[PDB]
Amino acid sequence: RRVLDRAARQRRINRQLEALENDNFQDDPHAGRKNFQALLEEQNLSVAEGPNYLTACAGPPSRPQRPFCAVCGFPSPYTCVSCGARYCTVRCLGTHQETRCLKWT
Amino acid sequence: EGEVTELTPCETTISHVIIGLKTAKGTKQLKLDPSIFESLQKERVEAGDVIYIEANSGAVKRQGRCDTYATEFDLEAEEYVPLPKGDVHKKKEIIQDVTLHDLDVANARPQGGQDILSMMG
Amino acid sequence: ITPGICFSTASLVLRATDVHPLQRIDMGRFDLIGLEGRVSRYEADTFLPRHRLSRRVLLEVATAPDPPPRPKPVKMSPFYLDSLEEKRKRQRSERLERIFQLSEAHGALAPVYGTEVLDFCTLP
Amino acid sequence: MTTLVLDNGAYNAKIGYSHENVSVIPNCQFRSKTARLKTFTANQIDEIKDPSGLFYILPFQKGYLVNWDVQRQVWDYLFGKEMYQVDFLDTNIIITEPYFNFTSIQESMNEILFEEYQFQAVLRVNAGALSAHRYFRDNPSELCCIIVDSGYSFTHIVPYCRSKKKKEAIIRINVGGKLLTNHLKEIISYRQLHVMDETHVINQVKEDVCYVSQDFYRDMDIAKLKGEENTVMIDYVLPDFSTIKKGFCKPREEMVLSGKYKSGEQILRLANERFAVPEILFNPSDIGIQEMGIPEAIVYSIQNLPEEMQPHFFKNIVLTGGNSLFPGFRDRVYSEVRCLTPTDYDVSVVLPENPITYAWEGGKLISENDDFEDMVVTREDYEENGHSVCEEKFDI
Amino acid sequence: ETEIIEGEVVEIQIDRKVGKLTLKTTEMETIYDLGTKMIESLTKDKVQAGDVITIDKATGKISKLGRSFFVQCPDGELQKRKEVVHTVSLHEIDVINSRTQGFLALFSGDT
Ligand SMILES: Nc1ncnc2c1ncn2[C@@H]1O[C@H](COP(=O)(O)OP(=O)(O)OP(O)(O)=S)[C@@H](O)[C@H]1O
Ligand SMILES: [Mg+2]
Ligand SMILES: [Zn+2]
Ligand SMILES: [Zn+2]
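Protein chains in written order, with the entry's author numbering: chain D, 16 to 47, 81 to 153; chain I, 132 to 143, 153 to 261; chain A, 917 to 992, 1882 to 1929; chain C, 1 to 396; chain J, 134 to 149, 157 to 209, 224 to 265.
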């Protein structure tokens, strides 16, 4: 099977994390000004330049990350080779491969 | 007794060892006699290990890794042990019966000893 | 060449003799054979009876400030808490008492023979 | 004359008069497919009868006000003749701001408040400052406190002295109610049925069934079982808005193991999501956020501060925000902080009866004080000095 | 109860310590992130691609039960929780706990 490089996995993780901040998943039912990144770039906010938004971010946790199954949520001893997703059972591996491994269905 | 959060020998040789033990009821900072550093190094005690230290003898036993670190690797040959529940400092007044034969056999042969003759014995 | 025998047993069996420190007494107070080659008759008979620490001296040294730095050779309270300080001083008192009791316990025994006797009696 | 207290949150605006009670109203506009040309504003969401597929127009992105038109419309509705009939020219306004609010947002706030409405005086503070003031009023003997504001879009942890905010030790955790609701939506959509368009219903489900577990792996093992022993698993009947107006949990005696029900109710079965979703607050790395959780962040924030003040801060942990209403949240926070705290230091975590309205009560209390007039910035002084003195007086 | 990992080795990588190990059954395949002790255990007992091995997770006990292309690759789950029952005689307990390396006396007399 194919293998996804580190950049692809990091992009997928970032996209999944950003999707959790989305206001709505659908479009405007009517169907017919800035954003946070524009505000950050306009502030010209530099690290170590006093207390600010960036310096207030929580640091890395000391306790290691606990793996959970991407399908059912129970703890997952196994890591998928192709995409790096965690899984816990043959059925869960098959479901993950059918649904979200490689191509994002 | 507790999980080790810090293990820092203090140089003048080493004057003392500062250790940090964590339990469910809090954290305690302990200053150890420098002779205990050899025992800590023999037991291979690092941060995140659950150990106990006998106050009267300085004996150190590393009784596994804390189970909070069980997920730091997917496959390690480690024995993961729960974090101790009580206080870091545990006091118990006990009454134990021994016989004179126990003291005789305890003093019949030497124990420990880093010399070659002791090891071969 | 044969592979070794892999003898498998219950993990509980290997802990049968193990006793928790809170469940056993210190047997080092009866360790006579361990003192041989390490403790001398001088230490047991002349030095320790004269230079044993006392609780008064231990408390005085602990409470006294740090000694002045050794001279170089010459070629010739808003955030104060009363309960926390009471707990801390009780802990310090307990630590000093433990230090005293352990120092007394670890030098109570006198050698059966001693280093001097063994050295004298040991021919080349 | 009168004073208006407003907590311009990203989810709920705590707006009320100083002499009256407190009202919780969503601070966002709504649109639905049952109305062709009709935009609901603020509390008008009660009028709609089929909130399924509801579209949200929010004025806050990532906890900061970024959309000005919807916020202006919401304020005009709240300040209009229908809601409160605020007399702008003779009223003082206490309005809350996110921590470390950007300079542009502060300038726009000052301009809008002092020109578009022409308020007599404005006091812009942080919700944590009001919470700290209320806490110090309730407990006069305490000299230092730490506020945990687990809200809709983030969770800040800020330590406060008697009359100052320690800006150096402010720590932000990027986990809030929005993130938890979206994660629950994603889990349910991936596992049982597609609910990504049902934000309202999934949020109500989270508020009704989710809880914080004292033993995570024991609960996981219990949930993994099948049969009577699976005490964690419950059955929820989603509201169809035809005969079931609001969602409810089926009684345990009425549960069916097979999962098939003669009634055609759309039943959503949640077993491990009950405590997996709240756990993201304590373990952000569970879902993929490399940030310290609430207890570790509290301990870190306290330990950044000088040693002398640490025992006082450890004694005055306060939980505020909507996410703090999870069952077992206070106990879990206390247990973890006690595990991390030095044993000589006592730990006390206080959860008020209404963590939503804590900041509003603090604002009401600070309005009644005799030092209130010195804190605010007047319009007459605004004309000349405003643009500097708004930044000078407000400790944002 | 013990956790036992039985499968066919696909790829073993060790770099100057960190390492990765990929194991497969006839139904599933997985990549493991290895710790220092397991890396040492896998280095001590020469393991190469194609070998069918079982690992005791808590101890690092690796026993090679053949090579496959000779034993068929395992079928079910890679990681299995097994209940192991041992009946140990009182004499065996006494001999094991009599001295260090005392279990040897169960085979060579010398009690
Ligand atoms: N009983 C409940 N159980 C769980 N979550 C709840 C409950 N009640 C309310 N919430 C959530 O609490 C969040 C709202 O919290 P608020 O304190 O009002 O946030 P906020 O003040 O707007 O946030 P900021 O950061 O201060 S702008 C929403 O995500 C609600 O879904
Ligand atoms: Mg708020
Ligand atoms: Zn699974
Ligand atoms: Zn995959």
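Where a beta carbon is used, it is the ideal one built from N, C-alpha and C, also for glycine.
C-beta neighbour in chain J for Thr143 (chain D), strict 8 Å: no
Contacts that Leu1889 (chain A) makes with chain C (C-beta to C-beta distance below 8 Å): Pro311, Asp344 and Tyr345
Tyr236 (chain C) beta carbon less than 8 Å from that of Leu193 (chain C): no
Interface flag, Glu216 (chain I) vs chain J, CB-CB below 8 Å: yes
Local Cβ density within 10 Å of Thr357 (chain C), reported as buried at 16 or more and exposed below that: buried
Exposed unless 16 or more other CB atoms sit within 10 angstroms - verdict on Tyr1885 (chain A): exposed
Sheet register partners of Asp235 (chain C) (DSSP bridge): C:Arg269
Distance CB(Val192 (chain J))-CB(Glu141 (chain J)) smaller than 8 Å: yes
Residues that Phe1884 (chain A) contacts on chain C, provided the C-beta gap is smaller than 7 Å: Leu143, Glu308, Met309 and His312
Sheet register partners of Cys161 (chain C) (DSSP bridge): C:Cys144
C-alpha gap between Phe100 (chain C) and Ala22 (chain D), whole angstroms: 32 Å
DSSP state of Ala187 (chain I) mapped onto helix, strand, coil: coil
Sheet register partners of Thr155 (chain C) (DSSP bridge): C:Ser150 and C:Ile173
Residues from the stretch 928-959 of chain A in contact with chain J, defined by Cβ distance under 8 Å: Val929, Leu930, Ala932 and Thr933
Nearest-angstrom Cα separation, counted from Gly160 (chain I) out to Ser1888 (chain A): 23 Å
Min CB distance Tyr220 (chain I) to chain A below 8 Å: no
Assigned secondary structure, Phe213 (chain I) (DSSP; H/G/I helix, E/B strand, else coil): coil
Cβ neighbour criterion (16 or more within 10 Å) applied to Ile294 (chain C): buried
Any non-hydrogen atom of ligand 4 closer than 7 Å to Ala133 (chain D) Cβ: yes
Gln188 (chain J), buried or exposed, once every other Cβ within 10 Å from all chains shown has been counted against 16: exposed
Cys128 (chain D) Cβ short of 7 Å to ligand 3 heavy atom set: no
Rounded distance between the beta-carbons of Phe282 (chain C) and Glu207 (chain C), thought under 8 Å: That pair is no contact at about 18 Å.
C-alpha gap between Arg1897 (chain A) and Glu20 (chain C), whole angstroms: 55 Å
Through-space distance from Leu1901 (chain A) to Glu976 (chain A), alpha-carbon basis: 11 Å
Own chain partners of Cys149 (chain D) with C-beta closer than 6 Å, once the 5 adjacent residues on each side are dropped: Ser130 and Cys131
Through-space distance from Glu115 (chain C) to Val389 (chain C), alpha-carbon basis: 16 Å
Inter-stretch contact at 8 Å, needing at least 3 Cβ pairs: the stretch 118-134 of chain C / the stretch 32-43 of chain C: no
Own chain partners of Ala1915 (chain A) with C-beta closer than 6 Å, once the 5 adjacent residues on each side are dropped: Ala960
Element boundaries [alpha helix (DSSP H), containing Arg332 (chain C)]: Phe329 to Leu340
Residue 152 (chain J) vs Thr135 (chain J) beta-carbon contact at 8 Å: For chain J, the structure lists 149 followed at once by 157, and that leaves residue 152 (chain J) out of the model.
Min CB distance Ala926 (chain A) to chain J below 8 Å: yes
Span of the alpha helix (DSSP H), counted from its first residue to its last, around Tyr17 (chain C): Where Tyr17 (chain C) is concerned, there is no enclosing alpha helix (DSSP H), although the beta strand (DSSP E) it sits in stretches over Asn12 to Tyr17.
Where the stretch 111-129 of chain D meets chain I: residues whose CB sits under 9 Å from a CB there: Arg111, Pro112, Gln113, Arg114, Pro115, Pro123, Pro125, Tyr126 and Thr127
Per DSSP, cross-strand counterpart(s) of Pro140 (chain I): I:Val157
According to DSSP, residues forming a beta bridge with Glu139 (chain J): J:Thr194
Any chain J beta carbon closer than 8 Å to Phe1925 (chain A): no
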